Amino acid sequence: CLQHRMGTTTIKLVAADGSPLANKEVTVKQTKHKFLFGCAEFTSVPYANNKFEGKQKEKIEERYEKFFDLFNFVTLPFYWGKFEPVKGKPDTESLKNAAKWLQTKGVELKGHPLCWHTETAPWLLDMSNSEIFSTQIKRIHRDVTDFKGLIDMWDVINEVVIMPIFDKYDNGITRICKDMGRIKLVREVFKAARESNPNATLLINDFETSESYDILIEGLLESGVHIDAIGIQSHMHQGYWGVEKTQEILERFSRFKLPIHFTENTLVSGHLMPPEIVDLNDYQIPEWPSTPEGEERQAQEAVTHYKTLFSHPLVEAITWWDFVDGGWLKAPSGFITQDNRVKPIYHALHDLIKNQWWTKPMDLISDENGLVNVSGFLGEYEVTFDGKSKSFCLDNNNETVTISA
């Protein structure tokens, strides 16, 4: 029942002259998941730009050791307000340094978000709608082009269902979305991003899980917009959804036969957030501590959540939002506390991802033609023999990979 997450490849071992390494004993092991187990990680920016020193840096590096032993995917911040507070002077270099550092850790990268009404550029409010739109399109061209080859996945536009009717504060993006409409805006931002990076994975993202989001997506697809993956947020501060609700959402959004990314996951290990709060940002409390029984609940619920999503074929990524407690809403939504205590949820998900869902080392022998069949979870593998180690991909297409001296 996790067959769709697994595969078989044949590798061929040859000498330099093409002759088979026959009856050769080898060891094969998984080194990476193809499935994207991600986490937002915004500390990478100040870290990779040498903003920390001494024991604060050691404490942060301690957390990175745990982080990279679990995740293979990272969401990076591109909020226009933060990325370009001064018009014409983007923070390109800072995030290049962050992406290049993360790239040496061998994690996939996504940038988030290119277009959003929250934390957008404040100076937009001085421009006409015509100019705002023109500038948003140029922002996309610029940033997608500059990070091509380095960040090739994007949340292009975010929370489009509420975007035009957002009333918490005036912003440029609500203005243009109200002016030209959700569908025209989405079409143009996707067009612009594709123009700048033919190989980019382009997401639309939203927290809205009711029929307004699936109707929007149906309208976009029928109007010629090409979406590479549907992003669904999963901030469950007010209580875990449960399996049944999760599966109703998965089935309904699966009708499009597009990859589904669970883009932003939260379960808290303290008291739940009151259920009547609509916009989560309105819940501003001074302190929100983690509790022991809350940590047990968080761990159990997180396992059930990850299992439910991994079990669904069209799901292709699960991204946790806050790795450390006291992030967004100062919530205990992390796997690690601020004083670097590893919470039960880390042990639970580490066991799930790096043990239960991990193919164990295999001792194999090549046949007369130097062929070795490998079965396991889709991802990256190594074959070892003669003290040499060689990487290969284990994917769906049963094409034989040749490996030489």
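For every residue, the number given is its place in the sequence shown, counted from 1.
Once the C-alpha B-factors are averaged per stretch, 309-317 and 322-330 rank with 322-330 first. Of the two stretches examined, 371-379 and 48-56, the record assigns the greater average C-alpha temperature factor to 48-56.
For the set 256, 240, 207, 169, the PDB entry assigns the largest Cα B-factor to 169. When the C-alpha B-factors of 96, 112, 182, 252 are ranked from the entry, the top spot goes to 96.
The entry lists a Cα temperature factor for residue 224 that places it in the middle third of the chain's modelled residues. Ranked within its chain, residue 300 lands in the middle third, by CA B factor from the PDB record. Residue-level temperature factors show residue 270 in the middle third of its chain, judged at the C-alpha atom.
Residue-level temperature factors show residue 81 in the highest third of its chain, judged at the C-alpha atom. Compared with the other modelled residues of the chain, the Cα B-factor recorded for residue 366 ranks in the highest third.
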